[PDB]
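In: Fold the following, please.
(11 chains, ligands or ions: 2)
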Amino acid sequence: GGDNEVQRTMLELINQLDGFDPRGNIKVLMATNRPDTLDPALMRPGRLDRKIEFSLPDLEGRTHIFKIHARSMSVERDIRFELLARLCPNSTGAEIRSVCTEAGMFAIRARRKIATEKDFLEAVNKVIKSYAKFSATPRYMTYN
Amino acid sequence: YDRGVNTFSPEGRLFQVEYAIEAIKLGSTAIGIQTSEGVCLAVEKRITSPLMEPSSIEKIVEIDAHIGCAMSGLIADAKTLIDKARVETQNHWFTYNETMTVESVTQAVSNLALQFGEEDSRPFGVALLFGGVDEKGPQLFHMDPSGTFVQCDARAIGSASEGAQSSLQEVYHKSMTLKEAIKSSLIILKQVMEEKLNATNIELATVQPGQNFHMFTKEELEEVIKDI
Amino acid sequence: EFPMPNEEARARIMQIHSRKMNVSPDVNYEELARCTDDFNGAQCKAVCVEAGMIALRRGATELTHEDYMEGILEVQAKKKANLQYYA
Amino acid sequence: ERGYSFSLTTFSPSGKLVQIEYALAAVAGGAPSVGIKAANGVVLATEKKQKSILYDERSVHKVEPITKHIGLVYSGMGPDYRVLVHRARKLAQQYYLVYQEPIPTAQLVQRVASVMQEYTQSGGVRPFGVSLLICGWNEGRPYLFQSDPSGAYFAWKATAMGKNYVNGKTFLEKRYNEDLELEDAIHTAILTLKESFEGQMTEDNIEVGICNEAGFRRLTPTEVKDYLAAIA
Amino acid sequence: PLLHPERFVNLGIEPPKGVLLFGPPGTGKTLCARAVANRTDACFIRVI
Amino acid sequence: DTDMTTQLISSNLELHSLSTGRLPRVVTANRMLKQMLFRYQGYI
Amino acid sequence: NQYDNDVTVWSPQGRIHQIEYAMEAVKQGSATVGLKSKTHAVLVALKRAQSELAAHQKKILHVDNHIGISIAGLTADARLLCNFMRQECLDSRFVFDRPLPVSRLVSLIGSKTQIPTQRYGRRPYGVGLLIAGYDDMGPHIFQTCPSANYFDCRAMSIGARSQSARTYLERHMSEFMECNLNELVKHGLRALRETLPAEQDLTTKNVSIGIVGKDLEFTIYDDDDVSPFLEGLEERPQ
Amino acid sequence: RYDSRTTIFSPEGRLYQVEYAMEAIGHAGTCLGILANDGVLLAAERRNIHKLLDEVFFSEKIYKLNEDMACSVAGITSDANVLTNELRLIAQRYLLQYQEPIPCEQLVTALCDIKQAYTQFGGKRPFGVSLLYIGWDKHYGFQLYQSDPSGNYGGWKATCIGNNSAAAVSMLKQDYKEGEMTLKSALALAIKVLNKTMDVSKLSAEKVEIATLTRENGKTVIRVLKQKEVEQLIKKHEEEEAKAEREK
Amino acid sequence: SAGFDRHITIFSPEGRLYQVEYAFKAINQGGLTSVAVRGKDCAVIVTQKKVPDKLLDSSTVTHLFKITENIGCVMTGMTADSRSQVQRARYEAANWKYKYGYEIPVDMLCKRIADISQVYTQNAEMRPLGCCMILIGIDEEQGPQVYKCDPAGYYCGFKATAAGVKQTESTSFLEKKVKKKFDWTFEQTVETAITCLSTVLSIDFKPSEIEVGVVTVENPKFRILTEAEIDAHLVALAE
Amino acid sequence: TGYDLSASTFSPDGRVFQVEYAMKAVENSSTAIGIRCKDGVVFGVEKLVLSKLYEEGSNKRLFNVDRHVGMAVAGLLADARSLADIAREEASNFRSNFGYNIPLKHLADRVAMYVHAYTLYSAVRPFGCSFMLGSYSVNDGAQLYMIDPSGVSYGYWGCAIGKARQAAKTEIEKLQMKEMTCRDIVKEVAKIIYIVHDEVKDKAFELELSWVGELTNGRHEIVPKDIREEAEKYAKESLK
Amino acid sequence: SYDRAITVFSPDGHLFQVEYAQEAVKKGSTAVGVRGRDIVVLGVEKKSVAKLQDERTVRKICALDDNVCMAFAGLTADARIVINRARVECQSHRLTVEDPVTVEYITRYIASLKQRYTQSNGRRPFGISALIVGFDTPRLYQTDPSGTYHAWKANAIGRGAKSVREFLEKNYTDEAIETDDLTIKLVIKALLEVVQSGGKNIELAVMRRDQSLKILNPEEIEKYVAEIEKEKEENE
Ligand SMILES: Nc1ncnc2c1ncn2[C@@H]1O[C@H](COP(=O)(O)OP(=O)(O)OP(=O)(O)O)[C@@H](O)[C@H]1O
Ligand SMILES: [Mg+2]
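Out: Numbers count the residues shown, from 1 in each chain, chains lettered A, B, ... in the order given. Ligands and ions are numbered 1, 2, ... in the order given. Right below this line is the structure:
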C-alpha cells in the first residue's frame, strides 16, 4: 500500500509536466537536498530537463560569500577573508553566514563595537572545527 | 568506486588519489621560488606547543648538499619519500661520481610513488617541493601522490595553496633576484598565515649555484623579517 | 516492450532531435551514441537541447561535436575538470 | 547473531564460533554410529544403509583400519572421512618411522585432532564436517576416543554419534556396564544401532569392527550375520 | 527564454522547461529560488 | 642406510595396502625402491 | 550496477564495465594526434600546464632511436608502460643487435596490458598510447587502448576533444602518403588545433612534436624547436 | 560495526574481537590458582562429568610445561591444546639453548607475545584461551601468573578465571593473608572458594582436580592430587562448616 | 536459510553445503543421460549422443573417454569440466602405473578423482567440477567393476547406475531389473542398458543417437561399439 | 543475481552464469565462419572497420598458431590475442618436446583446457573470445575445431561464430563440403560472409580469407589477393 | 564509511584507522616526562593494582638500553612487543657499529616500525604512544601510533594529556630544570595535577648523565611529595 495517494499525486504531476496535453509555457523549478530518492520518471529529462547541481563553494566562492555576509557587519577593514574562507574547507554558505554571526556574537560578548580578525577566527573554530570531527590536535599531528 | 586504488570510475577517475591530494590540502603551506640566482623555499611551521622542540618539525630537509626538499601532508609518507630521495642521490653519486640532477631525484621519488598499486598499498599522501642547483642551473620541481611531477617556476603546496598560488602568479616574474624572491615568499606567507609572522612560525631555505652551503637560515630569519 | 535505445537508436534519436538545430556537418553521431550508453530517448533529446544551450553560451552560430559532448556531460550532471594525475 | 555465522576467524559478541557448531550439526545429521569400550576391547559399529540395491555394499567400507591395532569409524560427511583416514594413516606411518613402535591410540587421536583443527583456523577453508570414533589397544587396555571438527577429543567409554545420537546415548547407560566383554559389547552396539536403524539389519547394512588385543579387525559379513541372528 | 526568446527560435533550440536544484543542504538552492522570484517579472508560484 | 630405506619402503607399502585392502605386489616394492635409490644417485 | 566494481566480472550484457571505464580514462588526457607519410611518422601532442608559470607536462616520451610514443591517460600507467617498452627495446637491441620492429612491440604491449584485464589485483592500464616508429616495413602509427586492443592506424587521435581531430584526419587521409616532412607536420598541427577551443591557439609553449623518419631517429621538438614547424601555418578561419 | 575483523580499531580505540574473546573466556570451566609459602596450587572443575566419559588423561585442565612449571587452561579446547604444546616447545627450546630451566615469567611473555600476534595480524582469530601459570625458579621463587586472550599477563598471588571468576576473586580477596599462607591453608581456601563458586552443592571430588607445586630437596615436584586426598579435603571442609554451624 | 549458498566452504545452519548441491544440479545441465550396467563377466556403459546439428563431426561428439587401455569412462555434465576430469584421471592412472608398476584399479581411479573433488570442496580455491564420471574396468580377482564419482568426492561401486537428467527414473528401472535373478550375459547386459535408456527416454534409438562402451573379462580392453554393432544389439533387443 | 559475480559460484539451478555471460559477449562480435573442404580448411572472417583511419589488415582475426594451424577468433580482441599467444606457446612446447608438428585435435584439446581453467577461479574471468582452429596434413586429412568461452571443443564440418551464427549455419548446411576442394569453397565462404553481413548496421567491412590444405602443401596461409578478389566478385555477383 | 580499512583515504584525505589507533593511547594511564641539564626524569600514573595482584609484571617504564629508557601509554601487549623490538634493534645497532644507539635513532626505529604496521591491510596498527628519554646531551622524544616521532622538552601522554601539558608549558622554565631535585619535583607536581591519589599512584624514573636507571622507591617519592606540599603551603 505505501502512500498510494502521494504516489498518485506525484504521478499526476508527472503527467502535467510532460506527455499528452502539452504543458505549455510553464517553466518548472524544483529544489531538493536529497535527490537520490526521487522517482526516475520525475527525474527523467522530459520533466526536469536541466539538473543544476549546487556544490560546496571553492576558495574564491567562499571568499565571495564571506564578503557578502560581512558587508553589513561592523567589522575591521583588515580582515583577511581569504584566510577565513581557507579555514572552512568543506562548508556551505549557511555555515559561512553562521561564522559571521558568531564572530559578531563574540565581538558583542566582550562589548566591543568592532569585530576584529580574532573574533572571526574564534567563530570559525566554534562553528567549523568545534563540530567537524574528533580529529584532535594529537591526532592532527599526523599531518605537517 | 572510491574504495580501492584499482577501481576505475564511470568518468575514468581514480577516486583514491584525489583523496590523497585532499590529504595534502590539510598539511601546511609551503612556497618555493626558482630564480636565475638560485632557489628559495619558505614554509609555515605550525607550532603546536612551546615544549615541543621546533627543530623536530622537519618541513625542510636536505636531500643532498645541493638539493633540498619541502613536504606537505602526512609526516610518515613524507619522511619515507625523503629517505628514498637521499638514498637515490647517494646511489647515483656512487654509481656515476656526479651529483644527481634534481629532475632525476624527483623522477626517482615519483617512481617510488607510482607503486601505490602495482604488485599483484595506498598513495603517499604528500606533495614534495624539490629545489636545487644542477648542471643546467637552479631548478624547482613539484611532485604529488600520483607520481606526476613537473618543474615549477614558483609553486605553493599544502593548505592555502590556492591563495598562495594566486599571489605567486601575481608577484612572480622571470628576472627576480634571490633576495626579492625571499621577500615575496615571506610576505605571501604572512598574508596566508592565521598567526602573526615571526622567527618561530616559519622556516627558510635557499640554494645557490656557487653557494650550495648554508642550505638553511638560522636567526638571520629576523633580519629579513623585520625588514619586510 | 519499449527497450533502452540501442547505439544506432540513440544516434537516430539525436539526429531527429537535432533536425531543427544548426548542427555542423562534422558531428559524428555514432561517437556520441557510443559516449551516451544507458541513455533513454528523453536523455538524448536533453543532450541535443543542452548542446544547443551550450552553443548559445559559447556565443557561436552552429553546434559542434564538442558542444554535444559537453551536453552529454551536463545531462548526467557531471562536470569535467582537468585532473592533475592525467595530463 | 546471524552476522557472525559465516566467518571461521571471527568471534561472535557472545564469543561463539558458529561455523564449528554448524559443522557439528552436519556431523549430527550423519549416519548413526556407536562405539563402546568393554574390559576386553572396543567395538565400533555403523549403519551402512544404501539408497538402493544398485549401490555396491562392499565397494566402500565405513569402518577403516589405521594401524594393525587401531581402527576408526565416523559420522558426518563421507568424502571428508577418506581425507581424515588418509591423514591418520600417514601420521601413524610417520610415528612408526620415527619411533619404530606402533603409534599409541591417544597420540594418534591427538595428532588427528590437531589435523582437524588446522582446517578451523583460517578463512576460505571448511572444517571437517565429520566426527571420528577411534579405537585402539595398547598396554593391555582398550582405548576409545571421539575427535570433533573443533579439534576437541575426549575419551568416551560408550557413545553414539549421527542421527538419533540422543536415542543411542539414552539406550546406553542402561545396557552398558564397564565389566562387559567384547561379545557383549558387539551385542550392545548392534542393539544400540537397532534403536536408530530403519528396516531389517541385513548383514550388508551394518559394519562392525573390533579393537582387541590381537589388533583391529573389521568383522566379515558372515560374523555380522551370526551376531545379528544371535541378537534377533 | 522569457525576456529574450528570440535568441532561441533563431537557432531552433527549445530551451529546457524544468530545472532540478540539488546539492548539500544550505548550499543556496532556496536562496537562488528566492532570487528568481525576486526578479521573475512573471507569475511565480511557491508550491507548498 | 639399508635399514632406513627398508623401513620407509615398508611404511609406504603399508599405507598403500591399507588404502587398497589387497596384498601388495613385489613389482610395487621394486619400483619404489629403485626410484628412491636412483633419486639419491647411489648415495644410500 | 553490481557488476561495475571489478574487471573480473562479466556483465549480463556481455561487457566488462571496468574495461570501458579504463577507456573513459583516456579522454581525461589532452588530445594527441599521430600520422604517417610514406617516409616519416609524426605525432603532435597538446601539452597541459597545471599553473600559469608551471611547466607544461611532457606528452611525448622517448622509447628508442626508432620508436617514440605519445600518452593520453594516467601518468603512472603511461610511465610504467614507457619503462616496459624501453626495457623491451633495450633487450631486443642487446640480443639481436637489431631495433625492435614496432608491430612486435605493440603486440607485446597488448599482451602485457591484457593481463590486468583478466586477473584481479591490478587495474587495467588507463592510458592510450600513440606509438610512432620506423622499421624495415615502413613508418607505423599504432594506437593502444586500455582494453589491450591495438589498432594499426594510418592516422589517429586520442584524448579529450579528439573527435574533431579524427574527422580532420579522415578527411585529409588521402594526401598523407605523398607528403614531405613539413607538410605532414603541418597537417598534424592542423589536426591538433581542430581539438582546441575557439579562444585557444597552438603556441610554442603547449605543443610537442615527435618525428621518426627514413634517415632521422625519433626526435622530440619542444618550445623553440616547435617554431620552425609552427611558422607558416594558415590561421584558423573566424 | 567494527567487530568483523580482529585488526579493526573501534572509533573509541577498542579491539572488539579481543574483548569478545575475553568475555568468551567466561564460558570456560572455573580454574583457580593460589600462591602460598613454599607452595602454589591450581584447582579446576571437570565441567562435563557424564558417566559415559572415561577419565584417562586425569589432567584435562592442568598441564605440565617444564620440570618446574605447570599451567591451567580455560578457553577453546583446540586453542588450549595448541597453546600448551607451543608452551612446551618454547620451554624445551630455552632449556636446549641455555641448559637451564626457563624462569617462568619469560615463558609467559613468550606465549603472550604469540597471542599478541593473533590480535595484530589479519586473517587470524585471537586465541580465545586464558590460562594460569604456576612455577618456581632461581630468581623469584614460587610464581603465579595470569594470561589473557589479548596476550596481556600479570603476576598474582590468588586469582581465578572461567565461570564465576568475579565471585572467586572477591572471595580470594576476602580470605587471603599475604605472607602467612601455607599449602594446607591454600588448599582449604581453594576448596571453599570452589564450593561457593560452583553452583553444585557439596563439591563432589571427582568434579574437581587439584594440582600443587612444591620444592622438595631441589626437585620441584609437581603433583596432581588423586581422588583419595580430595575426599578427605572435602570431608575436612564439611566438618569445618559443621563446626562453624555451632554458632547458631 | 538459503543465505549461506555463495561460498563452498560455508556450512549452512542445518549443516548443508549448498554449493556442492548446486554442482549436483549442474550435473543435469548437459541434457544427456548415461547408464552403466555390470554383468556377470562384463561392464557396459551407454550414453545419449545428441548431435543437434548436421555440421558437427559426429566422431568428436563422443562422451565416452578411454582413461586407460583397460579402464574406460563415460562423462555427464558440462563438457569442459568432464574433459578436464578425464585428463586428470588419465594423468592419475599414468602416475599410478609409473610409481607402482602395475595398472591402477578402477577402485583407485575413482578414489583419487573423488579425493581431488573433496580437496576442491574443502579449500575455496577452485569451483567444483560439475561432471559425474562413470568408470568401468576388469579388475582381476574381482571381475568387472563399475564406479561412479560425483562433484562431492563421493565415489561408489555399482552393480548398475545412471547419471544425467533421467537419473532417478533409470535408477528405478535398474532397481526393478537387478532383483529378479538372471544370467547377466554380455548381450543381456547391453540389453539391460539399452532398455533402461529407451524406457526412460521413450526413443526409438536410431544407432547414431547413442554411444556404447564395453569392457569384458574375455578381452579386458575398453571397446567402443561401432554403429553396426549398435544396430545389431538394437535389432536383437526388438525381437 | 547474487550467484552471478564470480565464475566459482554455482547458481541454484546449476550453471556458471559468468561463463554464459562470456558466451553472449562472444555473440556480440562480428561473424566468422570456417569450412573444411575435401582436402583442407578455409576460414572466412568479416571484420567491421570501425574507423576509416585503420589500415587494411589491422585487427586481423586470422592468427597462425603454427606452421599448419590457423585461427578464426571472434569476440574480445585482446582475449583473442592472448589466446593466440597461448596456442602458439602450446604448439611450440609440443614441437620442442615431441619433435613433430602438434596434431590439431590435441592442440585444440590443450587450448580448451587453458580456456576452461579460467572458468573455475574467482581471481580470473572466463575468456571473452570463441575461436576456430583449422589444419590440414597428409596423415590426418583436414580438421576443424571450435572452442567457446566455456572451453568445450569438438570437431565441426563447418560452422560460424559471432553475431549471425545461425544465419551462416543455414547457408553452410546447403553445401556438400565433403566433396569440393577448397578452391571453390573459398568463393562459397566469401558469398556466405557477404550474405550474413548486415550493411545497414555494421556499415563497411573487410573480408579476410585464409586456408590450409593440400593446395597449400599443408601450411596455413592467408589467401592470395587474386583469389580474394575473385571470391569477392563472386559474392557481389549474387546480389539477386 | 571510510574507517573500516587502514589503506583507504577518506574523501577529505583522512586515514581514519590510524586516527582511531590514538584512542588506545587516550585510554592509557598518564605518563609524563621531562629533560634537565644533567637528568632525564619520567613519572608514571601507577594505578592501584588489585590486593592479590603482583605489581612486578606491571611495568610501564622500560629501559631500551643502558643509555635510554622508555615509558608507554596504550595497549600493554603492543607496548611489550614494541619494547622488545626496540631492545633487539638497539643491541643490533651496537653490534653493527661500535658506538651505542642514540635516543634519536631508537625513536626513529620505533616510529618506522609503527608506521610499517599502518601501511598494510590485515595488520593492526600499534595502539601505543611512547616517551623515549636518553643521553647521547639529554634528549626526549615521543612516538605516535601513526608512526610520527617528535622532540620535546616535556610531554605527558595517556589519560591526562591536555591537562598535564597545560600545566607543563607554564611550568617548564630554565630554573625549573636547574637542579635535579627541582626537575624531579616538577615531574611529581605535573603527575599530581592528574593522579589525584598522591604518592601511592606515582612512579618516577630518573636517568642521570652517564649513569644508570633508578626507579624511585615509595619513600624518596614520599619525601619529594612532602617537600612539594611544604613549598605549596606558602599560600596561607
Ligand atoms: N552562495 C551563498 N551565498 C550566500 N548565502 C548563501 C549561499 N549558499 C547558502 N547561503 C545561505 O544559506 C542559507 C540557507 O540555505 P538554503 O535555504 O538555500 O538551504 P537548502 O540548501 O535549499 O536546504 P534544504 O535541504 O533545507 O532545502 C540562506 O539563508 C543563505 O543565507
Ligand atoms: Mg532550502
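In: Count the neighbours of residue 101 for me.
Out: Going with chain A. Neighbour count for residue A:101, taken as other Cβ atoms under 10 Å in any protein chain shown: 14. For the C-beta atoms, the positions are set from N, CA and C on the backbone; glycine is no exception.
In: think we crossed wires, I meant chain D
Out: For residue D:101, the neighbour count with other Cβ under 10 Å is 9.
In: Just to be sure, it is in a strand?
Out: No - when the secondary structure is assigned by DSSP: H, G, I helix; E, B strand; the rest coil, residue D:101 falls in coil instead of a strand.
In: Within range of chain G, give me the residues from chain J.
Out: Listed as neighbours of chain G in chain J under the rule Cβ under 8 Å from any Cβ of the partner chain: J:1, J:4-6, J:17-18, J:21-22, J:24-28, J:51-55, J:57-59, J:76-79, J:81-82, J:85, J:118, J:122-128.
In: And the buried ones among the residues you listed, selectable in ChimeraX?
Out: Buried subset of these, written as a ChimeraX selection, criterion 16 or more other Cβ atoms under 10 Å in any protein chain shown:
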select /J:4,5,6,17,18,21,22,25,26,27,51,53,54,55,58,59,76,77,78,79,81,82,85,118,122,123,124,125,126,127,128
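In: residue in chain B nearest to chain K?
Out: Closest to chain K within chain B is residue B:23: 2.6 Å, counting by Cβ to the nearest Cβ.
In: What backbone torsions are found at that residue?
Out: phi -60, psi -40 (degrees, to the nearest 10).
In: I'd like the distance from the one helix or strand residue J:186 maps to to the chain centre, please.
Out: Using DSSP states H and E, residue J:186 sits in helix J:182-196. Chain-centre distance of helix J:182-196: 15 Å, with Cα atoms, centre = their mean, to the nearest Å.
In: buried residues in it?
Out: Buried residues in helix J:182-196, counted by 16+ other Cβ under 10 Å: J:182, J:185-194, J:196.
In: List the contacts of the next helix or strand after it.
Out: If you walk from helix J:182-196 toward the C-terminus, the next helix or strand you reach (DSSP H and E) is helix J:199-202. Applying Cβ atoms under 8 Å, 6 or more residues apart in numbering or on different chains, the contact partners of helix J:199-202 are C:8, J:30, J:46, J:48.
In: mind running it again at 6 Å?
Out: Helix J:199-202 is contacted from outside by residue J:48, using Cβ atoms under 6 Å, 6 or more residues apart in numbering or on different chains.
In: quick one: strands adjacent to whichever helix or strand comes after that helix?
Out: Under the assignment DSSP H and E, the closest C-terminal helix or strand after helix J:199-202 is strand J:205-213. Sheet pairing for strand J:205-213, assigned by DSSP bridges, gives strand J:40-48 (antiparallel), strand J:220-222 (antiparallel).
In: and the gap between residue I:18 and chain K?
Out: In this view, residue I:18 and chain K are 28 Å apart by Cβ to the nearest Cβ, to the nearest Å.
In: And the helix holding residue J:186, what does it pack against?
Out: Packing partners of helix J:182-196 (3 or more Cβ pairs under 6 Å, 6 or more residues apart in numbering or on different chains; DSSP states H and E): strand J:32-37, strand J:40-48, helix J:165-172, strand J:205-213, helix J:225-236.
In: and of the ones you listed, who's closest to ligand 1?
Out: Minimum separation from ligand 1 across these (Cβ to the nearest ligand atom) falls at strand J:40-48, 49.5 Å.
In: Taking helix J:225-236 as reference, get the angle to the closest one.
Out: With axes from the mean of the first three to the mean of the last three Cα atoms, to 10 degrees applied, the angle from strand J:40-48 to helix J:225-236 works out at 70 degrees.
In: How far off centre is strand J:40-48?
Out: 7 Å.
In: With stretch B:52-68 instead?
Out: On the basis of Cα atoms, centre = their mean, stretch B:52-68 sits 11 Å off its chain's mean C-alpha point.
In: how much space between the residue of chain A found nearest chain C and residue A:11?
Out: For chain A and chain C, the shortest gap (Cβ to the nearest Cβ) falls at residue A:45, measuring 3.5 Å. Counting by Cβ to Cβ, to the nearest Å, the gap from residue A:45 to residue A:11 is 18 Å.
In: As a check, name the ranges of all strands in chain A.
Out: Here chain A has its strands, by DSSP state E, at A:28-32, A:50-53.
In: Rebuild these as JSON lines, extending it with mean neighbour count and distance to chain E.
Out: Output for the strands of chain A, formatted as JSON lines (neighbours: other Cβ atoms under 10 Å in any protein chain shown; distance: least, Cβ to the nearest Cβ, whole Å):
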{"stretch": "strand A:28-32", "mean neighbour count": "18", "distance to chain E": "4"}
{"stretch": "strand A:50-53", "mean neighbour count": "18", "distance to chain E": "4"}
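In: wait, which of those is closest to residue D:6?
Out: Residue D:6 lies closest to strand A:28-32 among the strands of chain A, at 38.4 Å (Cβ to Cβ).
In: what sits up against the closest one?
Out: By Cβ under 6 Å, 6+ apart, the residues outside strand A:28-32 that reach it are A:48, E:18-22, E:29, E:33.
In: do stretch K:167-178 and chain A meet?
Out: No - between stretch K:167-178 and chain A, judged by Cβ under 6 Å from any Cβ of the partner chain, nothing touches; the nearest distance is 13.5 Å.
In: close enough to count as contact, the residue of chain A closest to chain C and residue C:46?
Out: Yes - with contact defined as Cβ atoms under 6 Å, residue A:45 counts as touching residue C:46 (3.5 Å).
In: Endpoints of stretch A:84-95, how far apart?
Out: 12 Å (Cα to Cα, to the nearest Å).
In: next one: it to chain centre, how far?
Out: That offset, for stretch A:84-95, works out to 9 Å (Cα atoms, centre = their mean).
In: what residues does it touch?
Out: The contact list for stretch A:84-95 (Cβ under 6 Å, 6+ apart) reads A:56, A:59, A:62-63, A:65-66, A:120, A:124, A:128, B:160, E:24, E:26-28.
In: neighbour-wise, which of those leads?
Out: For the contacts of stretch A:84-95, the largest number of neighbours (other Cβ under 10 Å) sits with residue A:120, at 29 neighbours.
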